[PDB]
Amino acid sequence: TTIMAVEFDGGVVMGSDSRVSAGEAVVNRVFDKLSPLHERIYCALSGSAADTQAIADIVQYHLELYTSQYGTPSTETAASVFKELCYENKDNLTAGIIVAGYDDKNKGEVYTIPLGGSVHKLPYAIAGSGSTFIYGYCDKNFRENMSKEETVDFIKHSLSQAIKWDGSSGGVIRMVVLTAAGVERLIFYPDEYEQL
Amino acid sequence: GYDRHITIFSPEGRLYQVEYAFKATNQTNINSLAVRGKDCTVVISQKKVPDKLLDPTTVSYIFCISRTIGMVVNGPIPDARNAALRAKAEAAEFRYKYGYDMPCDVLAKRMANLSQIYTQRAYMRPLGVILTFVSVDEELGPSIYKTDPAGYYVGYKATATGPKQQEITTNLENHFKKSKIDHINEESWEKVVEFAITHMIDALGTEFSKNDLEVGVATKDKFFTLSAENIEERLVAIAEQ
Amino acid sequence: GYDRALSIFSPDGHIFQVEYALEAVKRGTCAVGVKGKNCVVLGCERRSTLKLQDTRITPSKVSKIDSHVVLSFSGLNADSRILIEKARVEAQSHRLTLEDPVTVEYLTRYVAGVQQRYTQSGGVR
Amino acid sequence: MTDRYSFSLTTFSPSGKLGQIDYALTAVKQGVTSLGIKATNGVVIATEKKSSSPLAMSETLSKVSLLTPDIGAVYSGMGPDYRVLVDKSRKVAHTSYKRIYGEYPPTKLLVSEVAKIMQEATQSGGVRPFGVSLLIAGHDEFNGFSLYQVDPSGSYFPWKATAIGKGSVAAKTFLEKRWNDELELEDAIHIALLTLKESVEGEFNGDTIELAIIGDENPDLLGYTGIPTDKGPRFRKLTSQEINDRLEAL
Amino acid sequence: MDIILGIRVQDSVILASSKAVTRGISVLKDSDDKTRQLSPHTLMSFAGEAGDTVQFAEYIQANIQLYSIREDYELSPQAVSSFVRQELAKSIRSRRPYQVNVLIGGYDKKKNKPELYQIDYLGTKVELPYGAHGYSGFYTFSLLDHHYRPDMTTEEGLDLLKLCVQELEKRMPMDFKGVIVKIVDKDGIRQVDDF
Amino acid sequence: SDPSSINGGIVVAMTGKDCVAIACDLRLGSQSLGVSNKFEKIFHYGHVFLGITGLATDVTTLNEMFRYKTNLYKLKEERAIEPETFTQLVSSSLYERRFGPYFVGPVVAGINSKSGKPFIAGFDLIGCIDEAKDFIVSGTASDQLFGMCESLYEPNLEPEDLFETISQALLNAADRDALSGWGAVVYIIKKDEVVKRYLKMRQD
Amino acid sequence: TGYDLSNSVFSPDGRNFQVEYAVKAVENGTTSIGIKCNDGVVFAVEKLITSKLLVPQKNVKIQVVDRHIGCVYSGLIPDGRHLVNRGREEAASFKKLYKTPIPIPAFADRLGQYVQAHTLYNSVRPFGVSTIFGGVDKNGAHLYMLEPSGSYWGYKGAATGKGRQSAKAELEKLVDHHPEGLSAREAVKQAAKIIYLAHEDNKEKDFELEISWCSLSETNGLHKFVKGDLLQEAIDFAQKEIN
Amino acid sequence: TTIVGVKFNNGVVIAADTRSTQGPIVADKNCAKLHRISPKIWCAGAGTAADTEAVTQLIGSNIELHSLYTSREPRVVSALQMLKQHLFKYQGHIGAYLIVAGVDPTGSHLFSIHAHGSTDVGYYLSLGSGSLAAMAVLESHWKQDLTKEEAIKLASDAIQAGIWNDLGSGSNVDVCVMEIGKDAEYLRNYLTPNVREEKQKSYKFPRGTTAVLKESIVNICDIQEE
Amino acid sequence: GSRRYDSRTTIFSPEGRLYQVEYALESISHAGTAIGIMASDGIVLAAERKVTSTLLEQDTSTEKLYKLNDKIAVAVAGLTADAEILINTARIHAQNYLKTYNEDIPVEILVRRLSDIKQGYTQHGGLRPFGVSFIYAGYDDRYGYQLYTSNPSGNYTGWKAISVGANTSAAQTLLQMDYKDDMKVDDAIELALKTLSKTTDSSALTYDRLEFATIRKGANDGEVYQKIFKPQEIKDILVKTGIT
Ligand SMILES: [Cl-]
Ligand SMILES: [Cl-]
Ligand SMILES: [Cl-]
Ligand SMILES: [Mg+2]
Ligand SMILES: [Mg+2]
Ligand SMILES: [Mg+2]
């Protein structure tokens, strides 16, 4: 799996591949790995499909019940709920989660929660099997305060390379753009990103 | 005479604790009204801030249960908030377990079942509140479902609750006897709120300022409450015709 | 669970529920015990208000707790069965652990202990 | 907190009366009239939809409820007590039968289970009895068509025809004169509508009357085709139009 | 494990049980009675895991003695065997199962018939004319199959049992230090003190 | 070690014209040792017949359990349980022990008293139902029985012809299994008469 | 009658007399007030000096919850402490799960639901305290008052105890004369005056003034006790106004 | 086992093979793998046969109760959520792999679910030992805007691939078509391309061939009167 | 607290009587009369249904006579709902005993257990007792044909002939007058019906107001048969004995 979130001027952009593998067999080649928990808070899931989907459902429920009582939760609050589940159940879980959200006060924020159940707030995060091949590329190419177009190109080029080298990654590149304007969904097909 | 203290049958086959819980319902001296449009459900409630030391923004008997469902309460605020918190927990749990938003009438039934238990189990007292649940349901459309301390609930074309409910009920009855339809034949929710306020003024025989009313509006995929300025714009439109 | 204190002291220092339990015994059919030099005899009254009774199957007033010990009673017949059952279990429990049948005193002390426990336990008469 | 009412709230009085059960039966007596009539080829259960307000949508309040595809229930007394009993009756049909035997319970055994729940509320700690009498009509392969009454005590009796609540005494006398062992379902519906008219004051039409039947299998209401043995539910709720059609031949 | 044999003849059941108790390296005892009287006309021999054998036997004995007092009535051998089977069948799916095998030799006073029941630690019950547990059957069943007749006298039963023990003493590697023999008939339970 | 093949033994059930047949060997053993030649594996609760192979202690336990349950069923229902219903009870009963199961291969046979329709069914140890029209097989020689039944069986056999087919299917299957044989019983079941026949077979 | 002997029992009025009796215990207690200022809240309380043997400034009545919420109450002091102990557990669990410190309206309901829970059963007694509390969150300043019934509202000013009528009148003047708002430092001075004016209902024994405050500019949105020079300045201002 | 689900214009079609196997031995030559959760929500199961059957009856039971409680026709997303939360709780110890398909007031839906509690969404899905054979056919012939008659053919073609090429699959093809605003039509043995040929010989024995020791009448009747 | 509303169901009166047991017995005295008569060759159970209706479905109705197993039946007097709770418990006990010992439960062991359950509700729990009295008609191979009764106190006694419910005083005097030890089932059937006919509060005894049952060794050879009489069979025996 190849997934990544990037902080930019307008807000934050999340990207992912669309491949679900069982050994060598691609079970689903057009899976949507970008799941919303709130209107402008999304999560990218890596590790056990069962474990990650189960936790995502619980966090979504917690943020819904939070919203009914206390109003819109912070991206920090959403990341905290994930960490609580992942940390307390670290012996029975295999989940690596990137949380990307947009407040109007905090603007764009990215949090990563690795296997251990620790939390790291970063300008950008990479995770999944494909991420290991683009640590060099992403570190050299990432800038702070990029435009929407620049950030889309950065993620497209990054996940392109990670798909090229990782057998566990492939299919379409789905992206979600979180801004003040709202939520925009983008898809990029092999014929587009392969020739980059 | 301990058959009057706990929820056991009197020789007449009556539950006095349930009947006295109904009387607690009118302790606030507030009247609420709910009507249905074509695309919307509107609920209006009297707002009384008797103390000048109170923060008037915090004084509310209308609750946002879920994104789709709104709830107005007739009764004391402690029992109102008790019912509000439970309704919010039940709506959230429903979505998690069954993977779709809890319908207005299903929540009404669930809260009514909870109320029924308090009329049968001795250790739990009834809540002295009448809960009016409003939404635009994705299957049934505009929906009004009301619950009471007896554990009774039913769907309504329109409804009124409070000390002067009969005056408001008869007023609404007479209008639907003329129109011969189950709703307010109006496109915009603004004009359905203007109808609701107009018919409460006619029924109670009292004029309202922007701070004397509290309005909740249910549309497709959200319930919201109007600000004082949103109500003022409504009151101006009523006066200008 | 039902925890109500039914057996309680009164201002004069009496436990009425224990004293009213003795009034039930007073009502029960007469039982007598006489020990000779080399035997004990247990005599029991059968009220003749009940004829058309089947004496083969009707619960007998004297019960064997073990092969060497017997128990007779006066008072509530239903209550006596619970004391007899507990006594019979304890008799077999004693044989199992001590590798010796109960003494008459030990079996009495056990039954008397059960009766006492039901005079300062919550939710029991 | 904790439910510290662990003792019976229903107890025998010196005269041998269980006060709370008697008072529960008094609540049933005040309740709106409901009746049941058994025919050779079906059963009919009926009641009045006593609308609390004209603004209220009385269609959303179901006094006649499906328990299983072949069993229906109506009541007289406290509506809320009935609604929770219907929820318990539907669940116990699954948990204590269908999940074991892979088929819906026969009428008498579901009635037995509902009766047990109502008996326990008469003896269990810190509860009052249910303030309802139920009329349960059903069909099963080996017993055929049956009609049962269940009282607050938990006692149940099988009936050819009966009525409960407000005008039960008068309604039962009316049913005794009309009932025979050769009635067809349509004849029983006709007698049901005649009997119910006596105990109704105001409007008498399909919108104010709630009537359901246990009759022939309805393959149109099954929702799927392909399995011959599955032929659909025997319970069917008559529409507002279907009632009004039979009120012209009244 | 230890040898426990049983043979049901015309008018009695005979149970033979080894006297040896071995704890690894040394034979600690050579006079151990591997049996308990459950009721006046019912005897149970046992063999299995150390401690569990006696603990189970005495537990059963206590329960049958309790029933005898409560009802003032001796349970039929069949009824006693069914109770024992259920207790072993319950035991196998427990946190720590009893590894105990039993023979139940009883004389039914109602039917006037001897009865022998063989139950293993799993709760596998069978009514047999002659039975054994462990390796005892492997050496003895060929002799019993050949010589056994249902109308045998107690004396003939004891003679066939002597031939079985002789074959065990010849071909078994372990010294089981002879057997205690007990007869169950209409008159109750007695021990053959010379064997 | 394998619980399902300690004691050994087989059951087979077949459908004929207005009749069913169920048959079983009589062997109970401790692996190589033959213990009993009278261990019947077919029980009946009214007109419904149940054959059980596998671990003998579970065979006895389940028989006692289904006698218990069908006796309570009759008292409450006021009628004898039917084969179709009893099948669902066996399935339910086995699956509630999903993670601690009875090591058995049950086989239901019987005629519905109302429809008169012949019925057979088989189960795995956790209660998955196999409702075959033709035949059901179970035990340590199930492969052998499948082989015999697949070739010997033809539909709509008369009761006395079905007896010969099921008898030859059991006998020859048992004679190719070390842990089966030592006698055999065959039940021929019609709507209101059941005949039970003990077969003469080799005792090795 | 007998409706007032058991908690959670509705009278034929539809009243819970046991709750109304709990209010009597509150009305019997010392005066406590709250003032909502421009960027925070001020809390003040009357402490009756029963004896000279009382160590001055030691028997602290105002309690902190988390680091941003102040709580003061009138009535049975132990009941107030029990409620604040629960409040601290609620605030701890909220921050544990959601990371952010509990918002004031969110915290208000946590106390509200708990107090309301002690009016549902006859196995518990209602709280014999009215609690004035509040502080600064992400949405600015909030002041709340919570009665034994579980009823609470947001306030511009709040008062409870024996001298509540006197206090309320003084609070109402400040609301009218300052529509644009009151500064944190002004609110501390006004709080001192109102407690001194409200002491006329408890004039038998002399008292000790205790003030606390949360202000975005003055305390960085944390709850702090008014000590030393700032407390003496407020006492001086208060003493000047009564003379 | 070969199971497929295919989305079309106005609904969804589910298909499965008819073979049940005890390892290499075929237990039932005409098994039914198409189970009903609710009237218009059908699913097909691979893995542990007892588990798939049991897990559908439990959720199917709770769905029926939920439908009666809410006065609403049951939804696929409800069955989905209830199945995955049940299976996840048991951490894959319930070996149920299901393709869930159906129509409800929301529209037509097609999901898959694995034993550990993960779920998949698609226009075409396959499951079981013959899933690769079936998915090859689906990936070759699937297009957008399939008609009901094209979807049945594609689903049937995908099962056949499994039947012929996978040893774990065989015999006939079962199909269920769930179209919006219609009753779900269950087509048991839709295709039967594996009928056993006539044997060369009859193995009906002469009567009295088997040796008998004892005959006796079995009493299946109750205790009689008089 | 909750103590205020506690009736205290398990306390002695100053005279040493259990209030609730005595009041439950008062309840049972208004229930339809049930009679059991034990003969040398079987047992009879006869019971009167309480003021019925013409619209009651009698052939599918059961309020008095219940089957516990193939050898033991009970006649009920009191709250029918309470009885069914105890009957279902007794049925399970009979099956527990059969599973354990692989023998049918002796009659007295079943009667003692149900009686021990009733006793429990009088000594602990704070619940109301079961307003039920049972007549147990049963057979086993130890004591043969046995009649017992149990009442809400949990006290049980054995009988040759006994009545429970309404007019037991009148009924017991009539049975005590006409009963003999060498009596047969056919004679006992007549006595049972003649007694109900004289003690009934109804104008006349008819088939629709009766439940009837016999336990006979009138089963082909060495076994026992229970017979719950059908409406038409009760009508026939009423004509045979010359009551209608
Ligand atoms: Cl809200
Ligand atoms: Cl509910
Ligand atoms: Cl698989
Ligand atoms: Mg209550
Ligand atoms: Mg062989
Ligand atoms: Mg051999």
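First things first, this report covers the structure right here in the doc.

Each value, and the rule that gives it
- Residues numbered from 1 in each chain as written, not as in the entry; some residues may be left out.
- Chains lettered and ligands numbered in written order.
- Part of a larger assembly, values for the part shown.
- Heavy atoms only, no water.
- Buried < 20%, exposed > 50% of the residue type's maximum accessible area, 1.4 Å probe, protein only.
- Helix = DSSP H or I, 4+ residues; strand = E, 2+ residues; numbered from the N terminus.
- Pairing = 2+ DSSP bridges.
- Donors = N, O, S within 2.8 Å, 3.2 Å for Na, K, Ca; no water.
- Core = buried A, V, L, I, M, F, W, Y, C linked by side-chain atoms within 4.5 Å.
- Contact = heavy atoms within 4.5 Å.
- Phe/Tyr/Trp six-rings, centres within 6.5 Å; stacked < 30°, edge-to-face > 60°.
- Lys NZ or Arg CZ within 6 Å of the ring centre and 35° of its normal.
- Patch = residues over 30% accessible without salt bridge, like charges linked within 9 Å, V, L, I, M, F, W, Y side chains within 5 Å.
- Areas by Shrake-Rupley, 256 points an atom, 1.4 Å probe, with all protein chains shown as cover.
- Salt bridge = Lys/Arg side-chain N within 4 Å of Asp/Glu carboxyl O.
- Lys, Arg positive; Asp, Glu negative; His and termini not counted.
- Charge placed at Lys NZ, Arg CZ, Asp CG, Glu CD.
- Buried area = accessible area lost by both parts, 1.4 Å probe.
- Polar contact = N/O pair within 3.5 Å; in protein donor to acceptor, adjacent residues only side chain to side chain.
- Nonpolar A, V, L, I, M, F, W, Y, C, P; charged D, E, K, R; others polar.
- Arc of directions from axis to C-beta.
- Axes fitted to C-alpha atoms, helices over the stretch in contact; angles between N-to-C directions.
- Parallel < 35°, antiparallel > 145°, perpendicular 65-115°, else oblique.
- Left-handed = near helix turned anticlockwise from the far one by under 90°.

### Quick look at the pairing of strand β1 (residues 32-36) of chain B
Residue and element names in this part refer to chain B.
- Of all five residues making up β1, five are buried, and the element is well covered by its neighbours.
- Residues of β1 alternate between two faces, with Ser32, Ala34 and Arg36 on one and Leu33 and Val35 on the opposite face, all of them buried.
- Strand direction decides the pairing type here: β1 and strand β2 (residues 41-46), joined by five bridges, are antiparallel. When the bridges of β2 are listed, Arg36 appears paired with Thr41.
- Across four bridges, β1 lies against strand β8 (residues 158-161) in antiparallel orientation. Bridging across to β8, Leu33 finds its partner in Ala160.

### Notes on the coordination of the magnesium ion (ligand 4)
- Surrounding the magnesium ion (ligand 4) are the protein donor atoms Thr7(B) (OG1), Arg121(B) (O) and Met124(B) (O), at 2.4 to 2.6 Å.
- Looking at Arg121(B), the relative accessible area reads 37%, which means it is partly exposed.

### With respect to the nonpolar core
- Counting residues in hydrophobic clusters, the biggest one holds 94 residues, and the most contacted among them are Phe133(B), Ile33(G) and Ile211(G).
- Apart from residues lying up to four places away in sequence, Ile211(G) is in contact with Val42(G), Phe43(G), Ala44(G), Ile62(G), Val188(G), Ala192(G), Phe225(G), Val226(G), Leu231(G) and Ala234(G).
- Residues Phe43(F), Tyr45(F), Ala56(F) and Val59(F) belong to the second largest nonpolar core, which totals 55 residues.

### Focus: the packing of aromatic side chains
- Under the counting rule described, the total for this entry stands at 55 aromatic pairs over all chains.
- When the centroid spacing of 6.0 Å and the interplanar angle of 35° are considered together, the rings of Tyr16(B) and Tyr20(B) count as tilted. Taken together, the residues span about one helical turn, with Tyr16(B) and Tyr20(B) both in helix α1 (residues 16-24) at a distance of four residues. Each member of the pair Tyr16(B) and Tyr20(B) is classed as buried.
- Here the aromatic residues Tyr2(B), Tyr2(C), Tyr5(D), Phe7(D) and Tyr5(I) are joined through ring pairs into a cluster of three or more.
- Sitting above the plane of the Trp42(H) ring, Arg36(H) keeps its charged end 5.9 Å from the centroid.

### Some words on a positive patch on the surface
- Taken together, the side chains of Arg121(B), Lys88(D), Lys91(D) and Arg99(D) present a region of like positive charge at the surface.
- Of note, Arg99(D) is situated in helix α2 (residues 79-101).
- Classification of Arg99(D) as partly exposed rests on a relative accessible area of 30%.

### Structural notes on the interface of chain D and chain B
- Contacts between chain D and chain B engage 31 residues on the former and 33 residues on the latter.
- For chain D, the biggest contributors to the area lost against chain B are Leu55(D), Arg83(D) and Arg128(D); these three give 26% of the whole.
- Where chain D touches chain B, the interface holds one salt bridge.
- We note a salt bridge from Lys109(B) to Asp87(D), for which the minimum N-O separation is 3.2 Å.
- Connecting chain D to chain B are 11 residue pairs in polar contact.
- Residue assignment for the side of chain D that touches chain B shows that the elements contributing at least two residues are α1 (19-30), β3 (56-57) and α2 of chain D.
- Its residues assigned to classes, the side of chain D that touches chain B shows 18 nonpolar, eight polar and five charged.
- Where strand β7 (residues 153-156) of chain B and β3(D) come together, two bridges link them in antiparallel fashion. If you follow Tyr156(B) over to β3(D), its bridge partner there is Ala56(D).

### Looking at a nonpolar patch on the surface
- On the surface, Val40(C), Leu42(C), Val62(C) and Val70(C) cluster together to form a nonpolar patch covering roughly 300 Å² of accessible area.
- Inspection of the secondary structure puts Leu42(C) in strand β2 (residues 40-44).

### Observations concerning helix α6 (residues 231-240) of chain I
All names here are of chain I.
- For α6, the set of buried residues is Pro231, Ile234, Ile237 and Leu238. Buried residues along α6 cover an arc of 125° about the axis, so they all sit on one side. Facing away from the buried side of α6 by more than 90 degrees, the exposed set consists of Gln232, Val239 and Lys240.
- Tucked inside the fold, the buried residues of α6 contact α5 (185-199) and β9 (210-219).
- Phi turns positive one or two residues past the end of α6, at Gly242, with a value near 80°.

### What to know about the interface of chain G and chain B
- Taken together, the contact pairs 32 residues of chain G with 29 residues of chain B.
- Summed over both sides, the interface of chain G with chain B buries roughly 2,700 Å², with 59% coming from carbon and sulfur.
- Taken together, the connections running from chain G to chain B amount to two salt bridges.
- As a salt-bridge pair, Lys52(B) and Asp176(G) come within 3.2 Å of each other at their nearest N and O atoms.
- Considered class by class, the residues forming the side of chain G that touches chain B number 12 nonpolar, 13 polar and seven charged.

### Focus: the arrangement of the chains
- Separated without contact, chain A and chain C have their nearest C-alpha atoms at a distance of 35 Å.
- Structurally, chain B and chain E remain out of contact, their C-alpha atoms never closer than 35 Å.

### Considerations on unusual backbone geometry
- Residues other than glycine seldom take positive phi values, yet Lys180(B) does so here, at roughly 60°.
- Here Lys180(B) shows up in the loop between α4 (165-179) and α5 (189-204).
- Positive phi, normally seen in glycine, also occurs at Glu226(H), with a value near 70°.
- With respect to the helices, strands and loops of the structure, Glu226(H) is situated in the segment after β13 (212-218).
- The exposure class of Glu226(H) is exposed, given its relative accessible area of 79%.

### Some points on the packing of helix α3 (residues 142-152) of chain F against helix α4 (residues 159-174) of chain F
Residue and element names in this part refer to chain F.
- Interaxial distance between α3 and α4 falls to 9 Å at its minimum, and their mutual angle equals 150°. As far as their axial angle goes, α4 and α3 are roughly antiparallel. In this structure, α3 crosses over α4, and the sense of that crossing is right-handed. Listed contacts from α4 to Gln144, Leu145, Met148, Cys149 and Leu152 of α3 are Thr165, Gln168, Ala169, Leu170, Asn172 and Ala173.

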